[PDB]
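All ligand and atom numbering here is 1-based and tracks the order in the structure. Because only heavy atoms are used, hydrogens play no part in the values below, and waters and symmetry mates are left out as well, while side chains stay in. Start at 1 with the first residue, then count along the sequence.
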Amino acid sequence: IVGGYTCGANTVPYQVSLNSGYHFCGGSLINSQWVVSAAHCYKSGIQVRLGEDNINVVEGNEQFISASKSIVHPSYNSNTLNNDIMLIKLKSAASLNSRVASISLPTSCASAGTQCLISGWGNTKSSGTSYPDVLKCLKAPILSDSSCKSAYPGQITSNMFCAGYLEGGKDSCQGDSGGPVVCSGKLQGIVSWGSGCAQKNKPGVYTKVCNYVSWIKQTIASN
Ligand SMILES: *P(=O)(O)[C@@H](NC(=O)OCc1ccccc1)c1ccc(C(=N)N)cc1
Ligand SMILES: [Ca+2]
C-alpha cells in the first residue's frame, strides 16, 4: 500500500495472508472455511494465515491453516486478467471472534463515489521497494467507469473497476494482490492489477466481486 496508514493490529479481521514459505498475496475470509483472492495469486501448497498484524512476528492472535482445495474462476484469462478471482477452501474451519471474522458478500454493486478500505502488506513505495511487516490501510473512492476506461483504454472489462486517485500518490501495490476492497461493510473488490503503483492517471484496477456472488455461493455450496 502506497500513501496509506498503519491499520492497527487486527482492525481488519477478515484480512488473510497467503504464505508459501513467505507472504505473496492477501485474501479475504468470507466464512469459516473459505477465502477469496485473486486467480493470479494461484500457487500450489498455500498456507492461509489469519489473525495477522506483523507477518514476521508471532503476536498471539494468528491461526495458520493449510488450503485443501483452490478453485480458479473457470473463465480466468491470465493475459487480460479478466475474471481474476479464486476461492481457497481451508483444511479446517477457522475459529471466528472479534479479531478474526468473515466479511459479507455484496447484495448490490457499489457505485462510483463510494469510499472503500483497501488493505495489505505490499510495497509502500512507487519508486524503490520497502515491504512493511504490519498491515497498511488506504481509504479510496471507486472511480467512474468512464475515468477508468480513459486511464486504461481497451483494457477494462465489465468485471473490473478502478479505485483510487487520478493525481497518484495513494494506491495498492505489489504484494497487495488478492486483498480486499470493502465498502459499507461488504467485500466489493479484490486487488488485481495496475500500471506501476500510485502514478498519475494510473489508478488501481480491482475485480468486481458483485458479478461473482452466484458463482461463489454455488461453488462453496458443493465443495
Ligand atoms: P499484485 O500481484 O500485488 C500486482 N499485480 C500483479 O502484478 O499482477 C497483474 C499485473 C501483471 C503485470 C503487469 C501489471 C499488473 C499489483 C496490484 C495492484 C497494483 C496497483 N497499482 N494498484 C499494482 C500491482
Ligand atoms: Ca504475526
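Taking a 4.0 Å cut-off on heavy atoms, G122 fails to register as neighbouring ligand 1.
For atom 24 (C) of ligand 1, the nearest protein heavy atom lies under 4.0 Å away. For atom 14 (C) of ligand 1, the nearest protein heavy atom is under 4.0 Å away. Remark: atom 7 (O) of ligand 1 lies closer than 4.0 Å to no protein heavy atom.
Close approach of ligand 1 to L81 is summarised as follows: ligand atoms under 4.0 Å from at least one heavy atom of the residue are 9 (C). Those atoms of ligand 1 that come under 4.0 Å of a heavy atom in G196, given as number and element, are 20 (C), 21 (N), 23 (C). Residue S192 has at least one heavy-atom neighbour below 4.0 Å for each of these atoms of ligand 1: 5 (N), 8 (O), 9 (C), 17 (C). Of all atoms in ligand 1, numbered sequentially from 1 with element shown, those under 4.0 Å from a heavy atom of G204 are 22 (N). The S177 neighbourhood of ligand 1 comprises atoms 1 (P), 2 (O), 3 (O), 4 (C), 5 (N), 6 (C), 16 (C), 17 (C), with distances under 4.0 Å to a heavy atom of that residue. Listed by atom number, the atoms of ligand 1 under 4.0 Å from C173 heavy atoms are 3 (O), 17 (C). Near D176, with a cut-off below 4.0 Å to any heavy atom, the atoms of ligand 1 are 3 (O).
A donor and an acceptor atom, one from each side chain of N82 and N77, are nowhere located under 3.5 Å apart.
Protein N/O/S atoms found under 3.0 Å from the Ca ion (ligand 2): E52 OE1, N54 O, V57 O, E62 OE2.
The shortest side-chain heavy-atom distance between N54 and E59 falls under the 4.5 Å cut-off.
Using a 4.0 Å cut-off between heavy atoms, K202 makes no contact with ligand 1 at all.
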